[PDB]
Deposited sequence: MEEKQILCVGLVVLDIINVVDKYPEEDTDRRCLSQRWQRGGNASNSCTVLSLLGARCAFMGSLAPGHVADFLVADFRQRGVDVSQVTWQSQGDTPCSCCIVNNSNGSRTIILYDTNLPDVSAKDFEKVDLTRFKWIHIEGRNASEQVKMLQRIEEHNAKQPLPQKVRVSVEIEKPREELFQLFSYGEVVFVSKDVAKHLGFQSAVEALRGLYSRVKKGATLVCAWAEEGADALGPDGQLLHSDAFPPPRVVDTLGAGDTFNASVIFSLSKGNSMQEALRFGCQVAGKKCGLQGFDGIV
């Protein structure tokens, strides 16, 4: 299995012909209940590509988690490693999408559910996973999870070593400690542009010194494609969830045994196709 550690949310998406007028009752064009969140979206894509994947994130028992668990299960995503919370509610957002202009109005219900902790991760049987991907969030706890994986891999032969990847999507300084963990580091365009970069090449040839020895840094740009830099010094070269689609596609291609250049090409092909309503049809 491929394990994705991160967030899950329930998005209730209503497509309208006109933005709703206060105190009125109008019929929408369509409604879709869609599981969201970076790691959750990565599981949707991994599962579609035929991989056996698992989701690790926080859920609180209730009607929202009943839907999410059923959706993950229908998709074939293993949820046995979910961290069930006694305090809080599972986040759910109601999205209004206006077809006459393209606007997205979001009403977010979030009680700030506790994130997955190192102590929760200690319970994970690492021998069940070939790859573990961590969506950067509570970095101080996540570094302890990544250190646990390294300690596990130190006692293991090469074919039994759990491959690791990390995503740094938001410019929270807290997340930059994650750069030195994982064999594959995904850095977003937002993080790059925030750290004073205008090009994908610029970002890669400035951040590479922050990764661990032997690791590969990957950065997908908006329309410019996607670039990767490995230890050999050789540079290689509906939108909701496109970045997640790219991340999961690269992870998939690399876990199969393909080269970084093949994984980049594949990642761009699948993510581009997704930009289709949702993830079915990729």
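Numbered from the first deposited residue, the unresolved ranges run 1 to 4, 242 to 251, 290, 298.
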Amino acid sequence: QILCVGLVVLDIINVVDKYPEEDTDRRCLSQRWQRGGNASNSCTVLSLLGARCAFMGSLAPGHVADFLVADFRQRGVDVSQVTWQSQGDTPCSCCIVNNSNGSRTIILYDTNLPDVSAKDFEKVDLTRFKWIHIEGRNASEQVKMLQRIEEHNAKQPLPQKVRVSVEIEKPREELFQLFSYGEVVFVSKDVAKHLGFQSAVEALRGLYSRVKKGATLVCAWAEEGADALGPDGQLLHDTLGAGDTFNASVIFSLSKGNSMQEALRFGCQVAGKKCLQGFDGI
From here on, numbers count along this sequence of modelled residues.
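Between the stretches 214 to 222 and 36 to 44, it is 214 to 222 that shows the larger average CA temperature factor. In this crystal structure, the stretch out of 166 to 174 and 201 to 209 whose C-alpha atoms carry the higher mean B factor is 201 to 209. Between the residues 62, 50, 57, 233, it is 233 that shows the highest Cα B-factor in the PDB record.
Annotation for 136, 91, 114, 157: 157 ranks highest, by Cα B-factor. Per-chain ranking of the deposited C-alpha B factor places residue 262 in the highest third. Per-chain ranking of the deposited C-alpha B factor places residue 14 in the lowest third. The entry lists a Cα temperature factor for residue 5 that places it in the lowest third of the chain's modelled residues. Ranked within its chain, residue 244 lands in the middle third, by CA B factor from the PDB record. When the CA B factors of the chain's modelled residues are split into thirds, the value for residue 69 lands in the lowest one.
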